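Colleague: Heads up: the sequence lines are chains E and A, in that order.
Here the first sequence stands for residues 2 to 237, 241 to 254, where the numbers follow the entry's author numbering.
Under the entry's author numbering, the first residue of the second sequence carries the number 2, and numbering increases by one thereafter.
Ideal placement from N, C-alpha and C gives every residue a C-beta, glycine not left out.
Here it is, the structure, as structure tokens.
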Amino acid sequence: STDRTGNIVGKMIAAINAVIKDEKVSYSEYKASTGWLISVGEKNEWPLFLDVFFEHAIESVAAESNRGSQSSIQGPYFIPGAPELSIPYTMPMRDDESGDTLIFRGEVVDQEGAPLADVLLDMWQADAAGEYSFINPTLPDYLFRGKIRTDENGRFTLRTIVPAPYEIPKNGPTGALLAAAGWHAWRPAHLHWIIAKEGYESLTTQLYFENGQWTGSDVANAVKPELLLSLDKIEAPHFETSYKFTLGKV
Amino acid sequence: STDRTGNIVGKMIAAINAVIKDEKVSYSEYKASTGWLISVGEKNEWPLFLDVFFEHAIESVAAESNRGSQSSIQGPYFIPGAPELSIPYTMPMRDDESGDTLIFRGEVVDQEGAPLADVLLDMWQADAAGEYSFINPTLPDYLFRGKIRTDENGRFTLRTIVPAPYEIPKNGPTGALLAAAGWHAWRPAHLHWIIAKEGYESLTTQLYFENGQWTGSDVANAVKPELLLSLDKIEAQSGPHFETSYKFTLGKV
Ligand SMILES: O=C(NO)c1ccccc1
Ligand SMILES: O=C(NO)c1ccccc1
Ligand SMILES: [Fe+3]
Ligand SMILES: [Fe+3]
Ligand SMILES: [Mg+2]
Ligand SMILES: [Mg+2]
Ligand SMILES: [Mg+2]
Numbered sequence: 002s003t004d005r006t007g008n009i010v011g012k013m014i015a016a017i018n019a020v021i022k023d024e025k026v027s028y029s030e031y032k033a034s035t036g037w038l039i040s041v042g043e044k045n046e047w048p049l050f051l052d053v054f055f056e057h058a059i060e061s062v063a064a065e066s067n068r069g070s071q072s073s074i075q076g077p078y079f080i081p082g083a084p085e086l087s088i089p090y091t092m093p094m095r096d097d098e099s100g101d102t103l104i105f106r107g108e109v110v111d112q113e114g115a116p117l118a119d120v121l122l123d124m125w126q127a128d129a130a131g132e133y134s135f136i137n138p139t140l141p142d143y144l145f146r147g148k149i150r151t152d153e154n155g156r157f158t159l160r161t162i163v164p165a166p167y168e169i170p171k172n173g174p175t176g177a178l179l180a181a182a183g184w185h186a187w188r189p190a191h192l193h194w195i196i197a198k199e200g201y202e203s204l205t206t207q208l209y210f211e212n213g214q215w216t217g218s219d220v221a222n223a224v225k226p227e228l229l230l231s232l233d234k235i236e237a241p242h243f244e245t246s247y248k249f250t251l252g253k254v
Numbered sequence: 002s003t004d005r006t007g008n009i010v011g012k013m014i015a016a017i018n019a020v021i022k023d024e025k026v027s028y029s030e031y032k033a034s035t036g037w038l039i040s041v042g043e044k045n046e047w048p049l050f051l052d053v054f055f056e057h058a059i060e061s062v063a064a065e066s067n068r069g070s071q072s073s074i075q076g077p078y079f080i081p082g083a084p085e086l087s088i089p090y091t092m093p094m095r096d097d098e099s100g101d102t103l104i105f106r107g108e109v110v111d112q113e114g115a116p117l118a119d120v121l122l123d124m125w126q127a128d129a130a131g132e133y134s135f136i137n138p139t140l141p142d143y144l145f146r147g148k149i150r151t152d153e154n155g156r157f158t159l160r161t162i163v164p165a166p167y168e169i170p171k172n173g174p175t176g177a178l179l180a181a182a183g184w185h186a187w188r189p190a191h192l193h194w195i196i197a198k199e200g201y202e203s204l205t206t207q208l209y210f211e212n213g214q215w216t217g218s219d220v221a222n223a224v225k226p227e228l229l230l231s232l233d234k235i236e237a238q239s240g241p242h243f244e245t246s247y248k249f250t251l252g253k254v
């Protein structure tokens with residue numbers, strides 16, 4: 002512990018000091034950086050900042066041990082206690098909710114490819130303007146957050162709308178850093194999932210949309226090729245898609 | 002420039018991510034680190050943390066452009082407004098202040114080695130228990146903080162006490178990290194100085210004591226060999242005391 006903490010923290014501090022020496026970071030830049038770091042804490046952006054820049058690396062080590070299908074970062078906007086939904090499964094939406102309807106057909110199987118029943122899935126997403134409930138408190142509580150279960154056939158059908166890409170807020174320290182550094186502040190459109198069943202290893206993941214704006218260029222670096230969804234446009241239009249998740253036994 | 006700040010911050014982030022990958026840093030470690038970072042801000046320890054681990058590197062690049070004598074980090078405990086001391090210059094001390102008496106003979110010269118008169122020097126130090134005024138609010142305000150001036154000969158004599166070495170306090174996040182990484186939290190004993198005169202570049206520096214513990218393992222990595230003082234023990238009326246001499250140089254603007 003003492004040995005390991007020293008090793009990891011020492012290497013990180015050393016690497017930062019090597020860049021300071023290499024780039025000849027100035028006192029003026031140090032003072033600005035001090036003010037900025039203070040502002041991250043004052044604006045409660047530690048989880049946002051860290052999950053943008055570092056969670057993907059943490060998650061990549063964890064993923065080496067994956068026993069089911071492909072995983073991704075959680076990100077900072079999970080909220081516990083999202084509503085248990087009812088058939089026909091519909092994400093919490095307003096009567097006049099903007100956006101293109103999406104019907105998502107899900108399957109959850111084990112390592113043999115056998116369906117898993119009574120799997121719990123938490124899903125959350127941004128609305129068509131790229132806003133999350135609770136995070137934006139002008140949205141109705143629990144908008145676009147819910148829990149559903151699989152069938153005896155390991156299946157569910159879920160109606161929602163296609164989320165918009167998400168921008169790290171420009172009026173915060175993290176957004177200020179991204180602007181200052183000349184880096185785009187966008188995540189591609191995505192659906193978050195936490196998938197659990199007693200006796201199985203849980204799966205935290207994200208799904209994106211093939212050729213979506215920002216999918217090759219995620220600020221959070223959290224996309225993986227296995228996690229791209231293809232959409233069929235259906236006339237009546242709305243979009244339809246499907247995905248199979250895999251859980252590994254404990 | 003966006004180019005420059007992106008280059009610097011990009012390199013830092015990549016470097017931290019390489020360490021995460023090589024050391025297999027876990028989600029549990031990431032969450033503990035998140036809570037730790039939050040605590041740094043909640044306890045107002047950003048200047049302390051950064052000044053412990055990073056200011057030496059910043060100061061070392063700054064120092065390559067020095068026009069005068071050797072410089073060092075400022076650290077986070079300077080407080081403006083210290084009293085102008087009166088002759089014979091004596092640092093603000095309590096009537097029963099403990100510790101060994103130190104007589105410090107200073108000189109300030111220009112880059113030709115000629116004396117500089119009316120140089121203003123701000124000096125601060127810890128007491129014989131390793132505590133700073135304001136920082137530890139139970140000490141009298143401006144204890145061991147004072148301003149003096151060089152005379153016509155560029156000289157001054159200052160009476161004080163030998164400061165103790167300092168531990169970064171474990172009761173805060175910076176000290177908690179040092180403790181958790183198995184690293185000593187000590188700075189060797191030192192006198193801090195900000196030295197200024199119109200038409201000259203200011204000098205920030207620290208002076209340490211040759212014989213002192215921690216000069217080879219400063220938690221802050223701010224010791225430089227030009228800044229080590231030698232002490233002479235003087236036995237004379239009544240009690241032994243210590244004397245030391247230093248010559249500072251300022252370079253013109
Ligand atoms: O939506 C996200 N999922 O990762 C996200 C949002 C902000 C910062 C990091 C991640
Ligand atoms: O030198 C110091 N005296 O204030 C100092 C430097 C870095 C961190 C803590 C203290
Ligand atoms: Fe998200
Ligand atoms: Fe000090
Ligand atoms: Mg796992
Ligand atoms: Mg200079
Ligand atoms: Mg030089």
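For the alpha helix (DSSP H) containing residue 12 of chain E, name the first residue and the last one.
Modeller: 3-24
Colleague: What are the uninterrupted segments assigned as beta strand (DSSP E) that are 3 or more residues long and contained completely in the stretch 197-239 of chain A, given in chain order?
Modeller: Listed in chain order, they are 204-210, 233-236.
Colleague: Between the stretch 114-123 of chain A and the stretch 154-163 of chain A, can you find at least three pairs of beta-carbon atoms closer than 8 Å?
Modeller: Contact holds: three or more Cβ-Cβ distances are below 8 Å.
Colleague: Quick one: Cα of residue 42 of chain A to Cα of residue 125 of chain A, how far?
Modeller: 26 Å
Colleague: With a threshold of 7 Å (Cβ to nearest heavy atom), would residue 45 of chain A be considered close to ligand 5?
Modeller: no
Colleague: By Cβ distance, which residues of its chain are closer than 7 Å to residue 93 of chain E, with the 5 residues on each side in sequence left out?
Modeller: Same-chain partners within the cutoff: 84, 143, 144, 145, 146, 147.
Colleague: Whose CA, out of E/133, E/141, E/73, lies closest to the CA of residue 219 of chain E?
Modeller: Nearest C-alpha to residue 219 of chain E among E/133, E/141, E/73: E/73.
Colleague: Following the continuous beta strand (DSSP E) through residue 247 of chain E, name the residue where it begins and the one where it ends.
Modeller: Element bounds for residue 247 of chain E: 242-250.
Colleague: My output table needs one value for residue 103 of chain E: the three-state DSSP class, helix, strand or coil.
Modeller: strand
Colleague: Suppose only complete runs of 3+ residues qualify. What are the beta strand (DSSP E) ranges in the stretch 89-145 of chain A, listed by chain order?
Modeller: With a minimum length of 3 residues, the continuous beta strand (DSSP E) runs that stay inside the stretch 89-145 of chain A are 102-110, 121-125.
Colleague: Of all the residues that make up the stretch 117-133 of chain A, which are near chain E by a beta-carbon distance shorter than 8 Å?
Modeller: none
Colleague: For the alpha helix (DSSP H) holding residue 51 of chain E, just list the boundary residues, first then last.
Modeller: Its alpha helix (DSSP H) spans residues 47-54.
Colleague: Please confirm if the stretch 219-229 of chain A is in contact with the stretch 48-66 of chain A, defined as three or more CB-CB distances below 8 Å between the two stretches.
Modeller: yes
Colleague: Taking the alpha carbon of residue 75 of chain E as the point to measure from, which residue in E/193, E/54, E/202, E/246 has its own alpha carbon closest?
Modeller: Closest option to residue 75 of chain E, Cα to Cα, is E/193.
Colleague: In three-state DSSP terms, what is residue 39 of chain E?
Modeller: helix
Colleague: Compute the minimum distance between the beta carbon of residue 66 of chain E and the heavy atoms of ligand 5, and state whether it is under 7 Å.
Modeller: yes
Colleague: On the CB-based measure, 16 or more other CB atoms within 10 Å of its CB, does residue 205 of chain A come out buried or exposed?
Modeller: buried
Colleague: I want to verify the contact list: residues of chain A whose CB lies under 7 Å from the CB of residue 47 of chain E, in sequence order.
Modeller: Going along chain A in sequence order, the residues near residue 47 of chain E (Cβ under 7 Å) are 35, 38, 39.
Colleague: Which residues, in chain order, does the stretch 165-186 of chain A contribute to contact with chain E at a C-beta distance below 9 Å?
Modeller: 178, 180, 181, 182, 183, 184
Colleague: How many angstroms separate the CA atom of residue 238 of chain A from the CA atom of residue 149 of chain A?
Modeller: If you draw a straight line from the Cα of residue 238 of chain A to the Cα of residue 149 of chain A, it comes to about 26 Å.
Colleague: Which of the three DSSP states, helix, strand or coil, is assigned to residue 59 of chain A?
Modeller: helix
Colleague: If you run the structure through DSSP and keep just helix, strand and coil, what is residue 28 of chain A?
Modeller: helix
Colleague: Any residues whose CB sits closer than 6 Å to a heavy atom of ligand 3? List them in chain order?
Modeller: E/76, E/78, E/167, E/191, E/193
Colleague: Considering only residues of the same chain and omitting the five flanking positions on each side of residue 177 of chain A, which have a CB-CB separation below 7 Å?
Modeller: Leaving aside the five residues that flank residue 177 of chain A on each side, the residues in its chain whose CB is nearer than 7 Å to its CB run, in chain order, 171.
Colleague: Kindly list, in the order they appear in chain E, the residues whose Cβ is closer than 7 Å to that of residue 14 of chain A.
Modeller: 54
Colleague: Have a look at the DSSP bridge pairing and note the partners of residue 65 of chain A.
Modeller: Paired residue(s): none; residue 65 of chain A is not in a bridge.
Colleague: With burial defined as no fewer than 16 other Cβ atoms inside 10 Å of the residue's Cβ, what is the status of residue 211 of chain E: buried or exposed?
Modeller: exposed
Colleague: Output yes or no for whether 8 Å exceeds the beta carbon distance between residue 232 of chain E and residue 71 of chain E.
Modeller: no
Colleague: Rounded to whole angstroms, what's the CA-CA distance from residue 168 of chain A to residue 196 of chain E? Just pull it up for me.
Modeller: Taking C-alpha positions only, residue 168 of chain A is separated from residue 196 of chain E by approximately 48 Å.
Colleague: In chain E, what lies closer than 9 Å to residue 11 of chain A by C-beta?
Modeller: 182, 184
Colleague: Across the stretch 11-28 of chain E and the stretch 15-22 of chain A, are there enough close Cβ pairs to call them in contact, namely three or more that are closer than 8 Å?
Modeller: Taking one beta carbon from each stretch, the stretch 11-28 of chain E and the stretch 15-22 of chain A have 3 or more pairs nearer than 8 Å; the two touch.
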